[PDB]
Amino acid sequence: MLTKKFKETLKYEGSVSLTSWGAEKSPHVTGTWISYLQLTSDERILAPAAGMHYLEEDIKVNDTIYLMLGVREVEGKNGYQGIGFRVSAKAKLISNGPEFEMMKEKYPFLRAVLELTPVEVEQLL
């Protein structure tokens, strides 16, 4: 599901966009940092949730989000310097357990872990 190139991107830094929708007429966009993402052995993507109020209300209605990220330092299609990804994922927020404990240690500011289950990965460059 998560290619070698996707995994390579996660070694750099950049803005991650999280698009959610369903609780209001318009969608919401929430950010995180590539360096805050943690890959699990079953290739779930975890991020520290500090605020993410709107995204939480959206995913109570529609648990599908879009993640977008891109870095200049990874070679895209046709040697193009730069790569981007659009990931469709199912979202839930985790408030306890060993992964929460592991993330709470790295990111003391978090109230919950955002757990993303990738359902589709599109490499865009």
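Residues carry their position along the shown sequence, with the first being 1.
**Student:** Out of 49-57 and 74-82, which stretch has the higher average CA B-factor listed in the record?
**Tutor:** Looking at the record's C-alpha B-factors, the answer is 74-82.
**Student:** Would 12-20 or 106-114 have the larger average of its C-alpha temperature factors, as given in the entry?
**Tutor:** It is 106-114 that shows the higher mean C-alpha B-factor.
**Student:** Please rank the C-alpha B-factors of the chain's modelled residues and tell me whether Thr30 sits in the lowest, middle or highest third.
**Tutor:** CA B-factor rank for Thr30: lowest third.
**Student:** State the tercile, meaning the lowest, middle or highest third, of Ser88 with respect to the CA B-factors recorded for its chain.
**Tutor:** For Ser88, whose C-alpha B-factor we compare with every modelled residue in the chain, the answer is the lowest third.
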